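Fold and geometry: a report
Okay, here's what each chain looks like letter by letter:
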Amino acid sequence: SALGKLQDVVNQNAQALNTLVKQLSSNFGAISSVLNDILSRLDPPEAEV
Amino acid sequence: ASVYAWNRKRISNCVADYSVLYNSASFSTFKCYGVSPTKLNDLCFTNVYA
């Protein structure tokens, strides 16, 4: 714990980045979090929405 | 079957060509909600029930 000041920086950044990646899976109201699963199922006028 | 006692037919282990339905002139209603009627031929399903 003596070096906690440096470890804390690493932990904060690793966590911020891991949060940014996991967040990628959110739907945000979309039918799917994966673009390929939208494009393969819907035509442009609906896929774009 | 009657609407109160509708039939449940399982479709499995087969090739589903949906263009034979979509491009026909025999249907008055062809309403697909989670998928486009013309994307069906590019998809696989665990089961399809009619």
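Method of structure determination, per the deposited record: cryo-EM was used for this entry, reaching 2.7 Å resolution.

One pass over the full model with this rule turns up one salt bridge over all chains. With its nearest N and O atoms 2.7 Å apart, the salt bridge here joins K39 of chain B to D43 of chain A. Placement of the pair is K39 of chain B in the loop between α1 (19-22) and β2 (48-49) and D43 of chain A in the loop between α2 (36-39) and α3 (44-47), with the two residues belonging to separate chains. Judged by relative accessible area, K39 of chain B falls into the buried class, the value being 18%.

Moving on: unusual backbone geometry. Unusually for a residue other than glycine, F28 of chain A sits at a positive phi of about 60°. Within the secondary structure, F28 of chain A sits in the loop between α1 (4-22) and α2. Phi is positive for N13 of chain B, which is not a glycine, with a value near 50°. Its place among the elements puts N13 of chain B in the loop between β1 (10-11) and α1.

The subject of this paragraph is a nonpolar patch on the surface. Residues and elements named next belong to chain A. Nonpolar side chains collect at one region of the surface, where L17, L20, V21 and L24 lie side by side and expose about 420 Å² of accessible area between them. Looking at where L17 falls in the secondary structure, it is placed in helix α1. For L17, a relative accessible area of 53% gives the class exposed.

Okay, the packing of aromatic side chains next. All names here are of chain B. A complete count under the given rule lists three aromatic pairs over all chains for this structure. For the ring pair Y22 and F30, a centre distance of 5.4 Å and an interplane angle of 75° mean the geometry is edge-to-face. Among the residues examined, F30 registers a relative accessible area of 28% and is labelled partly exposed. Taken together, the aromatic side chains of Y22, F27 and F30 make up a single cluster linked through ring pairs. A cation over a ring is seen here: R8 above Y49, with NZ or CZ 5.1 Å from the ring centre.

Chain B puts six residues into the contact, and the matching count from chain A is five residues. Both faces considered, chain B and chain A share a buried interface measuring about 490 Å² in area, 43% of it formed by carbon and sulfur atoms. For chain B, the biggest contributors to the area lost against chain A are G34, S36 and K39 of chain B; these three give 66% of the whole. The interface formed by chain B and chain A holds one salt bridge in total. The interface formed by chain B and chain A holds four residue pairs in polar contact in total.

Thresholds applied
- Residues numbered from 1 in each chain as written, not as in the entry; some residues may be left out.
- Chains lettered and ligands numbered in written order.
- Part of a larger assembly, values for the part shown.
- Heavy atoms only, no water.
- Residues with missing side-chain atoms left out of burial classes, pairs and counts.
- Salt bridge = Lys/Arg side-chain N within 4 Å of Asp/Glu carboxyl O.
- Helix = DSSP H or I, 4+ residues; strand = E, 2+ residues; numbered from the N terminus.
- Buried < 20%, exposed > 50% of the residue type's maximum accessible area, 1.4 Å probe, protein only.
- Patch = residues over 30% accessible without salt bridge, like charges linked within 9 Å, V, L, I, M, F, W, Y side chains within 5 Å.
- Areas by Shrake-Rupley, 256 points an atom, 1.4 Å probe, with all protein chains shown as cover.
- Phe/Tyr/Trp six-rings, centres within 6.5 Å; stacked < 30°, edge-to-face > 60°.
- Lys NZ or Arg CZ within 6 Å of the ring centre and 35° of its normal.
- Contact = heavy atoms within 4.5 Å.
- Buried area = accessible area lost by both parts, 1.4 Å probe.
- Polar contact = N/O pair within 3.5 Å; in protein donor to acceptor, adjacent residues only side chain to side chain.

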